[PDB]
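Novice:
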Amino acid sequence: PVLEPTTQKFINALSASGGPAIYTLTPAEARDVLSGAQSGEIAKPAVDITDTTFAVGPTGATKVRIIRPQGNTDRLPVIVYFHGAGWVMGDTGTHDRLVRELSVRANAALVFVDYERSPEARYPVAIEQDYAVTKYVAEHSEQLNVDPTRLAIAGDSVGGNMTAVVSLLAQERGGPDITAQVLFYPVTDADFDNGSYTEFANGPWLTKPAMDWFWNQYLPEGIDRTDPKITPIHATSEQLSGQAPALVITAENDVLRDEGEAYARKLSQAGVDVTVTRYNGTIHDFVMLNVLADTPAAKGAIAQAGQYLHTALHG
Amino acid sequence: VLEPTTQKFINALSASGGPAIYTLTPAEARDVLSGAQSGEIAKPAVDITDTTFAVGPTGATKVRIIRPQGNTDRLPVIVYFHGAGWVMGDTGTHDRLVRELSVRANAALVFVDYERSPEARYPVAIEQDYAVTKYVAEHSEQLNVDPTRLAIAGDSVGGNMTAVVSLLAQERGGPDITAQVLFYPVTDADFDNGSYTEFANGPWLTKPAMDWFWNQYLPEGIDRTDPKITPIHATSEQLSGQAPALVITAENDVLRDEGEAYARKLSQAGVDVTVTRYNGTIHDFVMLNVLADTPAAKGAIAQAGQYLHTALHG
Ligand SMILES: O=[N+]([O-])c1ccc(O)cc1
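If you're matching them up, the sequences are chains A and B in order.
Read in our numbering, the first sequence has 191 at position 191, and its numbers run on one by one without any break.
Read in our numbering, the second sequence has 1010 at position 10, and its numbers run on one by one without any break.
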């Protein structure tokens, strides 16, 4: 694959580091790898941060980080954010710069759902936590000082899986109302033999054996993976129709590319207004990784998402 | 798979044979597109000045200068090269698109009304395009623009012109260009590549149409591999040092692959390239009024507008 030069340099750095493959590690080891990779010094938007817990979801409690453009005490539209990193990894640290950018560019409060990770928690704990926080935000707008009629959901990778599943759950349960949804390179299927899985089975960055491992951490052995709450590519027209306008951003060189774009087609053919954009020359995780933060694809996609959300939440 | 409104537009054309635009005279084709780009559509408000610059290989180039309505400041400036196959296109067909770019970029925009084919041939239009870009850089007080914040942009054959103007500026020592924007550019003349084969019979743009357009543009017998004709053939040294570029392609477009391949060449020559493919849409999707409310059109215009705003005011 022809990668943007800085992105190629990163990939070269990686294969020259000779590390062990992420899926040979323990969950705690894998968490620390990504946390350390994202611990470098890098400029970030100025925000006010409140870490707390909402007494909602199937475990009885869900940890959340609430972010707002620094010094802004107005009643703001709100983004509920579901982070990625394979269900196993990711935290408020790994995704900090990305979600700050979304909060400030959208001029919105952002509620980061620090959901229970896998394999300690399997399907469906996280998606139900995610749904419960989204409902909580919609129902406690005075307590959060947000406008619940301008509520967006967004996520990256497995977090894009959660975005689509929260949209589906909200359709089935009659709410809450969602203004717009943003999905960065979402996981939507478990077909490890499709076009982009084949083309990028060995990378860069994300591999087919890693996806196999991640799915196995997320799901109990033997469950039917075609359920749309697991692989939303299988959602019916009636489950997709009526959902909020969506922005789907894919990476050209990513095993997940084809399923993300196929899901966007399914949404569009159900009558949903879908903005779908492939960024050439970049890789999986390109709006999260600090090392790619100055590449044209990262800058362009974060700017596109931020402007999409600002228009949705303030237009 | 096409976005539903886009599909509906294509289905409205099912009796047109492509459209078989290449079966018409140049004047008839021009009127077909001009009519298609009439109707009802919202557009941003701009001030307009139609004039002629005494420049280019024929001694005169017609231009339309626009600015956000009522804005008297010294603005950054976009020089814009319109598409529609060298044969068609005018201030009317591209009006909504260039108004959006001007207002979203908060910039003056100089619309080059270059001599169209087959009345004019290569290289008249590209030399007019380069001459106007130079003229703008050198007459900034007359035009009330900031020539240190100058971008070039174009769609389709206008994207071909953008690439060629960038190259000519490299060869001739200027003017300096801050950014360049290329919507689904023409960069090659390989009618057997992947997207040409996949979309040979449409939608909207067909292989026979491209054959016709190229034949209207070029004198018989010229080597089409020259980079001032097919900039996909530009050397690393011709591409290196060019201004950062935004290249936007449509998924369902014979020209998709050459646009994306040209973005790759620019990127490997060290140019900072933002390259994005919009799925569900077709060739011409940021110009056509009938698609102006589709998500791809809205997204690509908002992206280009913000990219230009950042380049010219950052
Ligand atoms: O007006 N028309 O039918 C057209 C115009 C332009 C084009 O590229 C194809 C068909």
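The beta carbon of each residue, even a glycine, is placed where N, CA and C say it ideally should be.
For residue 1192 of chain B and residue 1309 of chain B, what's the separation of their Cα atoms in angstroms?
Specialist: If I take the Cα positions, the gap works out to 37 Å.
Novice: Which residues in chain A sit within 7 Å of residue 1003 of chain B, going by Cβ to Cβ distance?
Specialist: Going along chain A in sequence order, the residues near residue 1003 of chain B (Cβ under 7 Å) are 268.
Novice: If contact is defined by three or more beta carbon pairs under 8 Å, each pair taking one atom from either stretch, is the region 114-130 of chain A in contact with the region 1001-1014 of chain B?
Specialist: The region 1001-1014 of chain B, when compared against the region 114-130 of chain A, does not touch it at the 8 Å Cβ threshold.
Novice: Of all the options B:1053, B:1262, B:1091 and B:1279, which has the alpha carbon lying nearest to the alpha carbon of residue 1131 of chain B?
Specialist: Residue 1131 of chain B has its Cα closest to that of B:1053, out of B:1053, B:1262, B:1091 and B:1279.
Novice: What does the Cβ neighbour count give for residue 278 of chain A, buried or exposed, with the cut at 16 atoms within 10 Å?
Specialist: Residue 278 of chain A comes out buried.
Novice: Closer than 8 Å, Cβ to any Cβ of chain B: which residues of the region 271-285 of chain A, in chain order?
Specialist: Residues passing the 8 Å Cβ filter: 271, 273, 274, 275, 276, 277, 278, 279, 280 and 281.
Novice: Mind pulling the chain A residues with CB within less than 7 Å of residue 1260 of chain B?
Specialist: Simply 280.
Novice: Starting from the C-beta of residue 251 of chain A, find all residues in its chain whose C-beta is less than 7 Å away, skip the five residues before and the five after it, and write them out in chain order.
Specialist: Cβ within range, chain order: 185, 257, 279, 282, 283, 284 and 286.
Novice: Can you tell me which of the three DSSP states residue 114 of chain A falls into?
Specialist: Residue 114 of chain A falls in the strand class under three-state DSSP.
Novice: With C-beta atoms as the reference, is residue 1210 of chain B less than 8 Å away from residue 1254 of chain B?
Specialist: In this structure, residue 1254 of chain B lies closer than 8 Å to residue 1210 of chain B by Cβ.
Novice: Using 7 Å as the cut-off, classify the Cβ of residue 1291 of chain B as near or not near the heavy atoms of ligand 1, replying yes or no.
Specialist: Residue 1291 of chain B Cβ: outside cutoff for every heavy atom of ligand 1.
Novice: Below 7 Å CB to CB, which residues in the same chain sit around residue 306 of chain A once its five sequence neighbours on both sides are set aside?
Specialist: Answer for residue 306 of chain A: 101, 102, 105 and 106, listed in chain order.
Novice: Which residue from B:1204, B:1112, B:1142 and B:1019 puts its Cα closest to that of residue 1056 of chain B?
Specialist: Ranking the options by Cα distance to residue 1056 of chain B, first place goes to B:1112.
Novice: Mind checking residue 1236 of chain B: buried by the 16 CB within 10 Å criterion, or exposed?
Specialist: Per the 10 Å Cβ criterion, exposed.
Novice: Along chain A, which residues have their Cβ under 8 Å away from the Cβ of residue 1263 of chain B?
Specialist: Going along chain A in sequence order, the residues near residue 1263 of chain B (Cβ under 8 Å) are 280 and 281.
Novice: Among A:31, A:229, A:196 and A:181, which residue has its Cα nearest to the Cα of residue 156 of chain A?
Specialist: When each option's Cα is compared against that of residue 156 of chain A, the closest is A:181.
Novice: If we count Cβ pairs, one from each stretch, closer than 8 Å, do we get three or more for the region 136-152 of chain A versus the region 1016-1032 of chain B?
Specialist: Touching, no, given that fewer than three Cβ pairs across the two stretches are closer than 8 Å.
Novice: Quick one: complete beta strand (DSSP E) runs, 3+ long, within the region 250-312 of chain A?
Specialist: DSSP runs (the beta strand (DSSP E)) wholly in the region 250-312 of chain A: 274-283.
Novice: In this structure, what does DSSP give as the bridge partners for residue 1074 of chain B?
Specialist: Its beta-bridge partners do not exist; DSSP assigns none.
Novice: Beta carbon of residue 247 of chain A, beta carbon of residue 267 of chain A: below 8 Å?
Specialist: Cβ distance not < 8 Å, so residue 247 of chain A and residue 267 of chain A don't count as in contact.
Novice: Compare the C-alpha of residue 11 of chain A against each of A:264, A:253 and A:273 and name the closest.
Specialist: Minimum Cα distance to residue 11 of chain A is reached at A:253.
Novice: Is any heavy atom of ligand 1 found at a distance shorter than 7 Å from the C-beta of residue 193 of chain A?
Specialist: Because no heavy atom of ligand 1 lies under 7 Å away, the Cβ of residue 193 of chain A does not count as near it: no.
Novice: Using a Cβ cut-off of 8 Å (strictly closer), state whether residue 1296 of chain B contacts chain A.
Specialist: Interface residue, yes.
Novice: Is there a Cβ of chain B sitting closer than 8 Å to that of residue 43 of chain A, yes or no?
Specialist: No, no contact with chain B.
Novice: Quick check on DSSP: helix, strand or coil for residue 214 of chain A?
Specialist: In the structure shown, residue 214 of chain A sits in a helix (DSSP, three-state: H, G or I).
Novice: Considering only heavy atoms of ligand 1, does any lie closer than 7 Å to the CB of residue 1085 of chain B?
Specialist: Under cutoff, so the answer is yes.
Novice: Thinking residue 80 of chain A and residue 151 of chain A are a contact (beta carbons under 8 Å), I'd like their distance in whole angstroms, please.
Specialist: The Cβ separation is near 7 Å, so the contact holds.
Novice: Tell me which same chain residues have a C-beta within less than 7 Å of the C-beta of residue 1062 of chain B, skipping the five on either side of it?
Specialist: 1052 and 1113, listed in sequence order.
Novice: For the region 30-40 of chain A against the region 221-234 of chain A, do three or more pairs of beta-carbon atoms, one drawn from each stretch, fall closer than 8 Å, so that the two count as touching?
Specialist: No contact exists between the region 30-40 of chain A and the region 221-234 of chain A.
Novice: Out of curiosity, what's the CA-to-CA distance linking residue 1312 of chain B and residue 174 of chain A?
Specialist: Computed Cα separation, rounded: 46 Å.
Novice: Reducing DSSP to helix, strand and coil, say where residue 1145 of chain B ends up.
Specialist: Residue 1145 of chain B falls in the strand class under three-state DSSP.
Novice: Below 8 Å between beta carbons is the criterion; list the residues of the region 1022-1050 of chain B that meet it against any residue of chain A, in chain order.
Specialist: From the region 1022-1050 of chain B, no residue has a Cβ closer than 8 Å to chain A.
Novice: For my contact list, residue 99 of chain A and residue 69 of chain A are in at a C-beta cut-off of 8 Å; report their separation, rounded to the angstrom.
Specialist: Actually they do not touch by this definition, with Cβ atoms about 12 Å apart.
Novice: Can we count residue 1255 of chain B as close to ligand 1, meaning its CB is less than 7 Å from some heavy atom?
Specialist: No, ligand 1 has no heavy atom inside 7 Å of this Cβ.
Novice: State the DSSP-derived secondary structure class of residue 961 of chain B, mapped to helix, strand or coil.
Specialist: Within the shown structure, residues of chain B are numbered from 1001 to 1314, placing residue 961 of chain B beyond reach of any answer.
Novice: Return the residue from the list B:1197, B:1044, B:1081 and B:1126 that minimises the CA-CA distance to residue 1217 of chain B.
Specialist: Among B:1197, B:1044, B:1081 and B:1126, the Cα nearest to that of residue 1217 of chain B belongs to B:1126.
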